[PDB]
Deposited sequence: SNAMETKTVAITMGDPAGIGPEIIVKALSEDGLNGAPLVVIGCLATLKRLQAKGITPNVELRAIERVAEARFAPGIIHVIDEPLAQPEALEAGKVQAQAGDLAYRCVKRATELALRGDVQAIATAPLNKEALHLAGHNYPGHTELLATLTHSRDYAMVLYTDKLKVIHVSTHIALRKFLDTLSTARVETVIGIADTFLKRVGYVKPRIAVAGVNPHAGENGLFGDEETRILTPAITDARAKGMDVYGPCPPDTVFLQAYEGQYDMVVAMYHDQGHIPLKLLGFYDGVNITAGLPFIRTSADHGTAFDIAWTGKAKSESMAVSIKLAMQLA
């Protein structure tokens, strides 16, 4: 019946703690089925410095032990080694270790179904490495812990949904490592994500790599060599998938209601159209065994613990977890 989201603290030297408490004070998050995984001592300490606003914090050992009520945040206490020793906005091994242990604990709760979705506050890669946790980044850490090779970034709005074959890599890199297997995988993830969120027979449009999907009313090299084989393979498997479509009309058409989702090829191909319309700025990592959301800012060490950080996107990313759980 009831669906619960785990929220991970991230790097406690960053803005994670303060943006969670703030976000949780907002209507529709206040007293909601949410559990914070993080350092209880650190949360008490930030409240006492007046950073964090006033709220009752209740430790629980198990998710089921929560008694949800406005004005109470429930916490699975993963402790910082020395809470009194934490400095705002510096790279610290114990803060990177805590960040690691929270996402570890969150995925364990998800794996046994105590929690249905996860919203992650940001962590610092350099601190993670300093703690001896060797992962290329937050998302990759989630994927390793979860034994998921196959995941992709989703931008989710009412009117436009986009999943990316690739994100955060040079354009030359994207062109040189593009493969049929990857496109196929991402189409699969798109199909599964959309059914999980209640599209019984989703329409997926696949964007071309090249302008117009090619020149002179012919598909281009990637389109015919890589994309068409993935589309064809995916239709034969029962998926309602179209393309390759001209990049400069495909997102417009999905926006206008012709498709439920677009498979974008590279980062900017998907992010340009999302941001140009009225993005907030949250993303879903699709292809894990549970829904996971995060926001696009980082730890913001320069403004951590000053009351300047904005909790808007942390809030959006938590409400989104709840919706899609």
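Not built in the structure, per the record, are deposited positions 1 to 4, 283.
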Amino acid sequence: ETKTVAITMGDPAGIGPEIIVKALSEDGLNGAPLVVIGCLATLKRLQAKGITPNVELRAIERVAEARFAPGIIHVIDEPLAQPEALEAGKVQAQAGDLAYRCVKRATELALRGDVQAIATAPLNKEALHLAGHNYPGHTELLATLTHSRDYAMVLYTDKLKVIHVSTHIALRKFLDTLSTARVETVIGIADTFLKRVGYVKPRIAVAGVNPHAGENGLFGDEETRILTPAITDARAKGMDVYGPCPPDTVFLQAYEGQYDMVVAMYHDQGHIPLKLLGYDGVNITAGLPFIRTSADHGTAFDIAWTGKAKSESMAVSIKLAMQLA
From here on, numbers count along this sequence of modelled residues.
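The question of which stretch, 241 to 249 or 211 to 219, has the higher mean Cα B factor is settled in favour of 211 to 219. Per-chain ranking of the deposited C-alpha B factor places residue 68 in the lowest third. Sort the chain's modelled residues by C-alpha temperature factor and residue 140 lands in the middle third, per the entry.
Among all modelled residues in its chain, residue 30 ranks in the lowest third by Cα B-factor. In the deposited entry, the Cα temperature factor of residue 86 places it in the middle third of its chain's modelled residues. Annotation for residue 265: CA B-factor lies in the lowest third of the chain's modelled residues.
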